[PDB]
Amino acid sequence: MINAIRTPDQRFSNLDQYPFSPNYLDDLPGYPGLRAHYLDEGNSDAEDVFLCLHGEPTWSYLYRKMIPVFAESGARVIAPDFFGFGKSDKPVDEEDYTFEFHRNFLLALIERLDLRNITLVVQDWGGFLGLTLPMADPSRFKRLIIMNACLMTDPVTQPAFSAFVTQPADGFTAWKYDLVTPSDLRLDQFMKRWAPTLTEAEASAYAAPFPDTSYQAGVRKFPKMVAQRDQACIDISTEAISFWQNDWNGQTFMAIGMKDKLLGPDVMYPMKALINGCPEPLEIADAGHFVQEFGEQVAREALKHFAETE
């Protein structure tokens, strides 16, 4: 019912460091005929589940360095690709992508797989969306690993979550310009610019899902939704603030990519105060926005922090 396209499988033949078998679901309530891809790694009967959410304009490939660490620790790791990204199906019209469309997919996924004892791992859009999940069913969430992300609230409630859109000119402004304007958007080139330590093979893995601009509607809409927040987004995100501040009682681990011009320290310190019991953050001096690219360290430290209370 949603007009969508699917990336040819051959586009993923040659991926670097991505030996994870695909799992797919196409029978999701509210998403008729759309196939979603997700990784399911580690012991499937584990008590702990790490749910790893990606952001713009990435995919589960982003968690490739963290997956193995978490799995070896004894947990199961779920890393889905949102519709419009990675190996998931891609709606062709930008109007089909909304905050609720992606949020509801996540709740559906979680129910479908009956996930519990979840350790939420978020960053960027993965956090804008993922941070609003617990309030919907708190019993299934137990820990949080938060990297450069915040809540899409209104400017008055949390100015820190809106100021970055406008300043600096080489921050979100540049980011959005790079993504929504080009008529021939090359994601490998964009990733190399924003994640300078990527090797060429890695960069190409980011372009793999999109053979041409027709597969990029979800890619183009994400930045627009940061700039133009709809009411449902605002209301949902505002209610999540209260959850984190007063309801949350789980364990938290925070990591900040210090060189991020978007969701760095002036967004993270403010987030830190809103999360009840959040501890001192792990600042990674050489990491930019894509904290996951220096993920092994993050995965190891978080596990160390959590054990030290369990």
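Position 1 is the first residue in the sequence shown; the rest follow in order.
Open item on the list: Mean CA temperature factor from the deposited coordinates, higher in 5 to 13 or in 297 to 305?
Closed with: Looking at the record's C-alpha B-factors, the answer is 297 to 305.
TODO: Give the stretch, out of 117 to 125 and 88 to 96, with the larger mean C-alpha temperature factor in the deposited entry.
DONE: Here the higher of the two C-alpha B-factor means belongs to 88 to 96.
TODO: Among 266, 260, 56, 40, single out the one with the highest C-alpha B factor in the record, please.
DONE: Across 266, 260, 56, 40, the entry lists the biggest C-alpha B-factor for 266.
- [ ] Please work out which residue in 75, 195, 217, 225 has the highest C-alpha B-factor recorded for this crystal structure.
- [x] Comparing C-alpha B-factors across 75, 195, 217, 225, the top value belongs to 75.
Open item on the list: Ranking the modelled residues of this chain by C-alpha B-factor as given in the entry, is residue 162 in the lowest, middle or highest third?
Closed with: CA B-factor rank for residue 162: middle third.
Open item on the list: Ranking every modelled residue in this chain by its Cα temperature factor as given in the entry, which third contains residue 256?
Closed with: Answer is middle: the recorded C-alpha B-factor places it there.
- [ ] Place residue 50 in the lowest, middle or highest third of its chain's C-alpha B-factors, as listed in the PDB entry.
- [x] It belongs to the middle third of the chain when residues are ordered by C-alpha B-factor.
Open item on the list: Per the entry's values, where does residue 273 land by CA temperature factor relative to the rest of its chain, in the lowest, middle or highest third?
Closed with: Residue 273: CA B-factor falls in the middle third of its chain.
Open item on the list: Ranking every modelled residue in this chain by its Cα temperature factor as given in the entry, which third contains residue 66?
Closed with: Its C-alpha B-factor, which the entry lists for residue 66, ranks in the lowest third among residues of this chain.
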